[PDB]
Amino acid sequence: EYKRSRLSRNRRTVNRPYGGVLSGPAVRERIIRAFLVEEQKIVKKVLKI
Amino acid sequence: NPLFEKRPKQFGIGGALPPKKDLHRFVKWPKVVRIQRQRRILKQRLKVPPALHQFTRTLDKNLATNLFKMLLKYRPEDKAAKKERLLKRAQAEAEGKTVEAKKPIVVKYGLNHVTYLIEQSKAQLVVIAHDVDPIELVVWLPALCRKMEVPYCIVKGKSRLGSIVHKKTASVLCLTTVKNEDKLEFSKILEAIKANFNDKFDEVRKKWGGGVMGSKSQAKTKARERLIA
Amino acid sequence: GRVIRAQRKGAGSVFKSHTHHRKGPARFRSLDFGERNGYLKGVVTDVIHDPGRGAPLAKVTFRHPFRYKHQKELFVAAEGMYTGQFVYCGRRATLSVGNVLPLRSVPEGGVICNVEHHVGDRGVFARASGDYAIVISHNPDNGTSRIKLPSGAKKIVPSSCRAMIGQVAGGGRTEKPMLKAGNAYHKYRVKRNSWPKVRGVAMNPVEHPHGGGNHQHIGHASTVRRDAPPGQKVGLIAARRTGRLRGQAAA
Amino acid sequence: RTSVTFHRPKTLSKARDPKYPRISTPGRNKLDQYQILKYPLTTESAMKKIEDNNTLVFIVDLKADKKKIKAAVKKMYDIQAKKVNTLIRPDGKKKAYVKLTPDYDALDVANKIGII
RNA sequence: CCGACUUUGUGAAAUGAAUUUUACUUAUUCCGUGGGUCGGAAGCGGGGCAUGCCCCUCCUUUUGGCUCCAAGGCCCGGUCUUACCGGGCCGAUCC
RNA sequence: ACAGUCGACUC
RNA sequence: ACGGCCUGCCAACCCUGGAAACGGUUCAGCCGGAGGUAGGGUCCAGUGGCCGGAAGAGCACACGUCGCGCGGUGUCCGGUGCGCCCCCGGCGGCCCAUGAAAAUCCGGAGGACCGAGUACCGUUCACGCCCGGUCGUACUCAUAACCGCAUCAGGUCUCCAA
RNA sequence: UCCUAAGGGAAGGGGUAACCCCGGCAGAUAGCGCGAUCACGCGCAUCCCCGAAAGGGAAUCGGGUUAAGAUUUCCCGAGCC
Ligand SMILES: [Mg+2]
Ligand SMILES: [Mg+2]
Ligand SMILES: [Mg+2]
Ligand SMILES: [Mg+2]
Ligand SMILES: [Mg+2]
Ligand SMILES: [Mg+2]
Ligand SMILES: [Mg+2]
Ligand SMILES: [Mg+2]
Ligand SMILES: [Mg+2]
Ligand SMILES: [Mg+2]
Ligand SMILES: [Mg+2]
Ligand SMILES: [Mg+2]
Ligand SMILES: [Mg+2]
Ligand SMILES: [Mg+2]
Ligand SMILES: [Mg+2]
Ligand SMILES: [Mg+2]
Ligand SMILES: [Mg+2]
Ligand SMILES: [Mg+2]
Ligand SMILES: [Mg+2]
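Chains as they are written, first to last, in my numbering: chain L, 21 to 69; chain E, 64 to 292; chain G, 2 to 252; chain Y, 215 to 330.
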């Protein structure tokens, strides 16, 4: 009884990235981890001289 | 123009997902393919005896093409080309009551007919397909040819022989007679063939084929003798 | 006479392993290009209890080397792995606990677990709770290695065989007395129907060689030959000695 | 090749083109309307059903189903069924309750066939 | 349990006039995959103290993130004939 | 830390 | 039943702030510089409240009518609990015992591909239309409908429980 | 009815004198699928069926009614998939 033609979409979803699958505290940490490690990729390339 | 950029993908051992390259080596083939490839592998590994190793020693490319020019000249009669020969003698049989036809000259074929001819010495040249399966049908030919003193060659392709006579497989051909306008150009290929096979029989009957190991095994061998030096 | 309890086990009718709540085989990754010539990072997601086995099992989520999906592999837990740990799999992975390396990358004296025997058989030695193998020496002219196994047996293994660094977790599990027929029964319920065990001396001759007699006694030598036919090879199979072990006899 | 697995190639097949039909005769409709409505049951129970619920109660073929029962009650009687219920009597025959749309009157239909 | 014959082939040595030792890989047995990178040779870097000519490496150690269906360059061809689709190679070393 | 209203029970 | 609005337990989450003279809290735990108390909030459960369904139904009365007539009234107010049954919540505990799988459903990561504004591309929105097949359906479920040669003091799994 | 559990039958194959016995043994595997048909492209990975009226599970409640059906099967009202 989650079927699309039995619940309203606003009642089935949460309006964020990864919502309905990941909570806020988890998605926040994924954002931070992805950003920080992306930064370390290029600081490591710059260390490659 | 400015927006366009390079995005190099690093195809490391833990990097990007590699793309569609050639994996034809590692394909898992049907069992039919698998056994037929392992067939040639095993025929290479094992020591082929001289009788079978006389094969894989075929008539050259130039000599084979030159001989097949003449075999194409002397093709047999088609079916549509065989109906007319019997349909147009109708006037000669119904009215003339005479037979005016002459002897045509064609290449002979079929294992039994050619063996009868060779044993009666009415064969001027014998053409053996190298790739006959089962091989015992043509293993004994070279000795018969050599010791009845008949010029014989082992050309490549039983299908290509079969095309000469319009059958799917032929496995043997022979010329018994040639038109008087092509004797010289026949006897040139006769000289080449007789020099190539009928004289070298008495030394290839001692040569063992096979025993060539795999590429990897040969690589380790080449590694081994260098260290031995 | 009739078929013995020890013969009856070969059919599986009531003697098969109770394998309904087990979590699948516990084994390494498929040996491939990456794991042979480099390293692969896997993240340990959860350490689950596998029913019927003494050791915890570590679910590890690799990324598939050549197609776009994950790989949930399931390793035998080496003491120390915790969720979120990155375990490295391959040849040039550094030597740390939880990593899996070939024996060409593990120095003498290293303690390892879940050892392969034929390179790629996915780990067979030193898997029970709290067991490890000590890598003793390496012969690089053969590409082979030697190891001391939990039994004390010393085995020569190919040097390209993988091995998890560390020892299997759950160590010392068998140190605790169970104190109860209850605990024994719940131990063996999730393993197999091999408990309780009835002393053959308290059977009748028709079903066991030891049975029968006005008194309870074996009757003949309790040690049987190696070649004794099944249904007679019961007791102490091909014993080299008996009696409580003293001195070098227990070495 | 790219994938290291070999799959059976997509061949082409033909649909059947028989040189002679394995059956010549066209199969006759053996579940026609007359085999599918054997006769209206006329016990007092169905009699009361006629007026109290505006339904005709028939004995119908055991291989009939609600779809064919409506389709048949339409071709006979020049009526239509709003709803149909079927049960299998203990005696073996199937009994069907056919409830009419209120445009049609069950008493008039049952008098035009003769039950009461 | 072990012995012989058989599938059971190849060449090599040492002992006697067959015997143990070996070597090979294709028979054979076994193991692993969704037969997904095997063998040789290149090249990118690192060791030079006969510039050797032999070695060591393959662009992921990092924090429970994400990675697919190529960006990029070059060479043809079709076309509005003054406006645009299909090709081939490199990227992804060869054999 | 007082006043008002109520309270089913247990010792 | 169902629909809307409201309420928002016990937990979970958010924002402000910054705690030792440590505080908060449970029957028991336990929680806090990884952010407590405190202030304000979000979410969740519901078998909770109001309205619609729905008083036109049901019931109890009270009359008066020949013949499934009819008419009239009521269907309110609190409170209680170591109470019984059912379900749920969230704690805590035991395990050499960790206590099924799939169908199905939903959510998300990515964004190849696509469109108008005298109009064309979508729309998991509201409303609207049509159809819903086959088989079981009675009764006992037992000191008489089952088995024990029976209308046998025997045996046979359950739900409700003043 | 649908899905799986323990388990059971099975196509290719292996065994068998033959009935019959083995299902992972890997075989161009039973089935191919999806976007497109104005056709083609891409994928194919642990690859079949059966197995529960106590497991999982699209949807229904109230009031009437029979000599015997229905609480939710008929009638009345209101819903749902
Ligand atoms: Mg929402
Ligand atoms: Mg037992
Ligand atoms: Mg014991
Ligand atoms: Mg005992
Ligand atoms: Mg006794
Ligand atoms: Mg005995
Ligand atoms: Mg005894
Ligand atoms: Mg029915
Ligand atoms: Mg608060
Ligand atoms: Mg509610
Ligand atoms: Mg708990
Ligand atoms: Mg019924
Ligand atoms: Mg009933
Ligand atoms: Mg009885
Ligand atoms: Mg009886
Ligand atoms: Mg089923
Ligand atoms: Mg069921
Ligand atoms: Mg059920
Ligand atoms: Mg109705």
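Backbone N, C-alpha and C define an ideal beta-carbon position, used for all residues, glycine too.
Query, Result
"Sequence-distant residues of its chain with Cβ nearer than 6 Å to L122 of chain E (five each side left out)", "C216, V218"
"According to DSSP, residues forming a beta bridge with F76 of chain G", "G:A59"
"Counterpart residues of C208 of chain E in DSSP-defined beta bridges", "Note: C208 of chain E sits in no beta bridge, so no partner."
"Reduced DSSP secondary structure (H/G/I, E/B, other) of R28 of chain G", "coil"
"Given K72 of chain E as reference, the closest of E:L66, E:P65, E:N64, E:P82 once Cα atoms are compared", "E:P82"
"Nearest candidate by alpha-carbon position, reference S138 of chain G, set G:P210, G:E80, G:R147", "G:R147"
"Cβ contact (3+ pairs, closer than 8 Å) linking the region 109 to 121 of chain E and the region 269 to 286 of chain E", "yes"
"For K110 of chain E, the nearest candidate out of E:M276, E:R289, E:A282 (CA to CA)", "E:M276"
"Distance CB(residue 307 of chain G)-CB(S130 of chain G) smaller than 9 Å", "With chain G covering 2 to 252 only, the question about residue 307 of chain G has no answer from this structure."
"Local conformation of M165 of chain G per DSSP, three classes", "strand"
"The region 146 to 156 of chain E touching the region 204 to 215 of chain E, judged by at least three CB pairs closer than 8 Å", "no"
"For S138 of chain G, the first and last residue of its enclosing alpha helix (DSSP H)", "No alpha helix (DSSP H) contains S138 of chain G, which is instead part of the beta strand (DSSP E) from 134 to 140."
"DSSP three-state assignment for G153 of chain G, whether helix, strand or coil", "coil"
"Minimum Cβ-Cβ distance from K72 of chain E to chain Y less than 9 Å", "no"
"Whether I227 of chain E touches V177 of chain E by CB criterion (9 Å)", "no"
"9 Å Cβ cutoff, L80 of chain E in contact with chain G", "yes"
"Within-9 Å CB hit, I76 of chain E to chain G", "yes"
"Neighbour flag for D245 of chain E against chain Y, beta carbons, 9 Å", "no"
"Proximity test, Cβ basis, 9 Å: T225 of chain Y and chain E", "no"
"Contact with chain E by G35 of chain G, beta-carbon distance below 9 Å", "yes"
"Chain E contact residues for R215 of chain Y, given Cβ-Cβ distances below 8 Å", "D85, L86, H87, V90"
"Proximity of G236 of chain G and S223 of chain G at Cβ, strictly below 9 Å", "yes"
"Cβ shell of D194 of chain E (< 6 Å), same chain only, five flanking positions each side left out", "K221"
"Any chain E beta carbon closer than 9 Å to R68 of chain G", "yes"
"Supposed contact pair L236 of chain E and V190 of chain E - C-beta distance, whole angstroms, cut 8 Å", "4 Å"
"Local conformation of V323 of chain Y per DSSP, three classes", "helix"
"Which listed residue (G:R163, G:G214, G:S152, G:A203) has its alpha carbon closest to that of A252 of chain G", "G:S152"
"Which of helix, strand or coil DSSP assigns to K166 of chain E", "coil"
"Residues bridged to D47 of chain G [DSSP beta-bridge criterion]", "G:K60"
"Length of the line joining the Cα atoms of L32 of chain G and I291 of chain E", "34 Å"
"Heavy atom of ligand 4 within 8 Å of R200 of chain G beta-carbon", "yes"
"Neighbouring residues, chain Y, relative to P93 of chain E (Cβ below 8 Å)", "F220"
"Best match in Y:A229, Y:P240, Y:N267, Y:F272 for proximity to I250 of chain Y [C-alpha to C-alpha]", "Y:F272"
"Alpha-carbon to alpha-carbon, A78 of chain G and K177 of chain G", "21 Å"
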